[PDB]
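Trainee: Following this: a sequence and the matching experimental structure.
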Protein chains: 2
Amino acid sequence: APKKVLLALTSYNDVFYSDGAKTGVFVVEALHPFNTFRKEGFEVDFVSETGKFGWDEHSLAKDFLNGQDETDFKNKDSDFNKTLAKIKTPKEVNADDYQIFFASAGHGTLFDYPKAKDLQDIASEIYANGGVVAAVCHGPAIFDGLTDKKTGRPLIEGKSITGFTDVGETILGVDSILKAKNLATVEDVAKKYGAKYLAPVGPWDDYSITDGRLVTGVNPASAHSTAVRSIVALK
Amino acid sequence: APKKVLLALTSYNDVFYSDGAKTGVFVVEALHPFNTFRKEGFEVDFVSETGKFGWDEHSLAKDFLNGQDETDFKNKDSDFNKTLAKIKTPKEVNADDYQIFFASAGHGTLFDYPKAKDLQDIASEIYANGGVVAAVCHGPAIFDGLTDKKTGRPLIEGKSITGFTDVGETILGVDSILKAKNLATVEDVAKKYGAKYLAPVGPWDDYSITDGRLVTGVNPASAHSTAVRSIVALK
């Protein structure tokens, strides 16, 4: 079996924020994990529900995308961009090729991840097969409906996770946007399915949790550590 | 009811390390929490099993004790020292005076905390009364025998905690010392009583967990955040 990570992206890419900017993939939630997996000698296949994706436009701000990350993002010849060009749909991937399922995010995930049955099945199989399921930021939206095949219960029931904070939605001024669209926060999802939500001290802190082979992180600053943890959890 | 923290110290203070240095209280595990509780307007009472204590001699190293901490430590007129002079034994304290039980550490705790029934009773009452139980570093040794009065089960059973790492004992070259003395590590204690041990990425990282009103931190770098968390958990 090849050393591989399946790196999931949101396929939602519509106008979202009060300034009219689109949500989508939070660039460094894909890029930092991609870099981390590559340093450790893993191949990375990208996947989204539709086989397409767009960038969260607020994630292009220079406090979130700068330096070598920005260079890699602008250079169409970069490994990151060439690999992204090979993005697949769920039916095109083979779950026993993968030891890690890594769910990147951005607010778009709140729209598609809960409904992404096919992606959830794949993640279940990787987990059932001894692999690691990892998610950063709003990535834990994909746990809404994700079943542990061996217990028939929600995978996160009785598990400890972190993820993007309710207080952070408020700071970003998007809570009324979320309510108007009938969306559930990561804390909403954890409570609903009997997971223990373990909060960071501050909403932007590099903070992440390893609960056996279920690995979660809070926000963009946690993307790298969430990737590192997912590798360590393998061994 | 006064706003008060009961700040527990190890009473063990014997030769421990291969260089002949004594273990004891890890100075900043007392001092940083003391400072944090004071900023938030809490009074602090120190307590140990014997009413006495000595300092972990490796915690006086300048990478662990420096700047204003060192000044406060050397100045016998400091609030820290005057309050330490008032250290009590367990029978002398009143548990409904206290909203937080904070267990400082140092390796000495592995000797006395598991056997400190009286301190465990007090912590149980504070918790039973709606308060917070917090422990940093080897502090979770005090959970070995600590019972939730309302369930009759170990307080940490089914809880998520962190604490000093097995890998850290190895880095410090004390694992054979611990074995020879038949001592259990924080990870040993968590496993024995059905707690979920949630590890930091690295053994010296500022890393801490809030599981409802049970708050834990890994090491000296986590002492401040463990204190902050304990206050936030109240509200």
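Mentor: Happy to help now that I have it. Numbers count the residues shown, from 1 in each chain, chains lettered A, B, ... in the order given.

Trainee: quick one, what contacts the residue of chain A found nearest chain B?
Mentor: Minimum separation of chain A from chain B (CB to the nearest CB) falls at residue A:160, amounting to 4.5 Å. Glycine gets a C-beta too; all of them are placed from N, C-alpha and C. Counting by CB atoms under 8 Å, 6 or more residues apart in numbering or on different chains, residue A:160 touches A:195-196, A:198, A:209, A:211, B:160, B:196, B:198, B:211.

Trainee: can we see that at 7 Å?
Mentor: Contacts for residue A:160 (CB atoms under 7 Å, 6 or more residues apart in numbering or on different chains) come out as A:196, A:198, A:209, A:211, B:160, B:196, B:198.

Trainee: Of these - the most surrounded one?
Mentor: Scoring the contacts of residue A:160 on neighbours with other CB atoms under 10 Å in any protein chain shown, the highest-scoring entry is residue A:209 at 27 neighbours.

Trainee: I'd guessed that one sits against residue A:156; true?
Mentor: No. Contact criterion CB atoms under 7 Å: residue A:209 and residue A:156 do not qualify, at 11.5 Å.

Trainee: list residues touching both of these two?
Mentor: Residues touching both residue A:209 and residue A:156 (CB under 7 Å, 6+ apart): none.

Trainee: And stretch A:25-36, what's buried?
Mentor: Using 16 or more other CB atoms under 10 Å in any protein chain shown as the test for burial, stretch A:25-36 gives A:25-36.

Trainee: so what's residue A:40 closest to, chain neighbours aside?
Mentor: Nearest residue to residue A:40, sequence neighbours excluded (CB to CB, 6 or more residues apart in numbering or on different chains): residue A:231, at 5.3 Å.

Trainee: If we look just around chain B, which residues of chain A are in range?
Mentor: Contact residues, chain A versus chain B (CB under 7 Å from any CB of the partner chain): A:160, A:196, A:198-199, A:201, A:209-211, A:225, A:228-229.

Trainee: any idea which of the residues you listed is closest to residue A:99?
Mentor: residue A:229 (13.7 Å; CB to CB).

Trainee: hmm, who's touching the host helix or strand of the closest one?
Mentor: Assigning secondary structure by DSSP states H and E places residue A:229 in helix A:223-234. Residues from elsewhere that reach helix A:223-234 (CB under 7 Å, 6+ apart): A:28-29, A:32-33, A:36-37, A:40, A:99-100, A:102, A:132, A:134, A:136, A:206, A:208, A:210, A:213, A:215-217, B:201.

Trainee: one more time with 6 Å
Mentor: Outside of helix A:223-234, the residues within contact range by CB atoms under 6 Å, 6 or more residues apart in numbering or on different chains are A:28-29, A:32-33, A:36, A:40, A:99-100, A:132, A:134, A:136, A:206, A:208, A:210, A:213, A:215, A:217, B:201.

Trainee: out of the residues you listed, which are buried?
Mentor: With neighbours counted by 16+ other CB under 10 Å, the contacts of helix A:223-234 contain buried members at A:28-29, A:32-33, A:36, A:99-100, A:132, A:134, A:136, A:206, A:208, A:210, A:213, A:215, A:217.

Trainee: Tell me which of these fall in strands.
Mentor: A:100, A:132, A:134, A:136, A:208, A:210, A:215, A:217 (DSSP state E).

Trainee: coming back round to it: farthest pair in the residues of chain A next to chain B?
Mentor: Comparing all pairs in those by CB to CB, the longest separation belongs to A:196 and A:228, at 22.0 Å.

Trainee: dump the residue contacts of residue A:198.
Mentor: So residue A:198 contacts A:160, A:162, A:209, B:209 (CB under 6 Å, 6+ apart).

Trainee: Closest one of those to residue A:53?
Mentor: Taking the contacts of residue A:198 together and measuring to residue A:53 by CB to CB, the closest member is residue A:162, at 24.1 Å.

Trainee: Could you report the neighbour count for that closest one?
Mentor: 30.

Trainee: Does it touch residue A:215 like I think?
Mentor: No. With contact defined as CB atoms under 6 Å, residue A:162 does not reach residue A:215; the gap is 9.7 Å.

Trainee: Please enumerate the strands of chain A.
Mentor: A:4-9, A:43-48, A:100-103, A:132-136, A:160-161, A:196-197, A:208-211, A:214-217.

Trainee: so can I have CSV of these showing distance to residue A:59?
Mentor: Below are the strands of chain A laid out as CSV (distance: least, CB to CB, whole Å):
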stretch, distance to residue A:59
strand A:4-9, 12
strand A:43-48, 16
strand A:100-103, 16
strand A:132-136, 13
strand A:160-161, 22
strand A:196-197, 24
strand A:208-211, 19
strand A:214-217, 15
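
Trainee: Stretch A:147-158: which residues count as buried?
Mentor: Buried, per 16+ other CB under 10 Å, within stretch A:147-158: A:147-148, A:154-156, A:158.

Trainee: Correction: the previous question concerned stretch A:113-131.
Mentor: For stretch A:113-131, using 16+ other CB under 10 Å, the buried residues are A:113-114, A:116, A:119-120, A:122-127, A:131.

Trainee: List just the nearest of those to residue A:182.
Mentor: Nearest to residue A:182, judged by CB to CB, of the buried residues of stretch A:113-131 is residue A:114 at 11.1 Å.

Trainee: Report the contact partners of the nearest residue to residue A:97 once chain neighbours are set aside.
Mentor: Closest residue in space to residue A:97, ignoring its immediate chain neighbours: residue A:4 at 5.0 Å, by CB to CB, 6+ apart. Counting by CB under 6 Å, 6+ apart, residue A:4 touches A:43, A:97-98.

Trainee: which among these end up buried?
Mentor: Buried members of the contacts of residue A:4, counted by 16+ other CB under 10 Å: residue A:98.

Trainee: Is it possible to get JSON lines of the contacts of residue A:4 that adds distance to residue A:186?
Mentor: Listed next are those as JSON lines, based on distance: CB to CB, whole Å:
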{"residue": "A:43", "distance to residue A:186": "29"}
{"residue": "A:97", "distance to residue A:186": "28"}
{"residue": "A:98", "distance to residue A:186": "23"}
